[PDB]
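Report on the structure given below.
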Amino acid sequence: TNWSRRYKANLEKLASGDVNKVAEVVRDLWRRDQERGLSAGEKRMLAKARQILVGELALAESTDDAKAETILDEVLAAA
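Under PDB author numbering, think of the first position of the sequence shown as 83, with each following residue one higher.
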């Protein structure tokens, strides 16, 4: 039930959408993989956490690029 509490806690972190919490899941499972080794299920969750994490990074980059693009357009237009 310790394992289950932990598993559910991580699910809720992943469901949160909060990239900092997702980051915790990745770090915890990765460390656990190095130290104890992960079960098949934990490997799956680690793979998902990583996917969510990479997706958030790609989103944030796309967002910065879109903003920078609109700003540069306004500068060129004003000139």
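Ideal placement from N, C-alpha and C gives every residue a C-beta, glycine not left out.
Check whether residue i and residue j have beta carbons under 8 angstroms apart
{"i": "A129", "j": "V104", "result": "no"}
{"i": "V107", "j": "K90", "result": "no"}
{"i": "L120", "j": "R113", "result": "no"}
{"i": "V101", "j": "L135", "result": "yes"}
Option in the options with minimal Cα separation from residue i
{"i": "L93", "options": "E124, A148, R114", "result": "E124"}
Supposed contact pair residue j and residue i - C-beta distance, whole angstroms, cut 8 angstroms
{"i": "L111", "j": "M127", "result": "7 angstroms"}
Residues near residue i in its chain [Cβ-Cβ closer than 8 angstroms; skip 5 each side]
{"i": "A97", "result": "none"}
Local Cβ density within 10 Å of residue i, reported as buried at 16 or more and exposed below that
{"i": "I153", "result": "exposed"}
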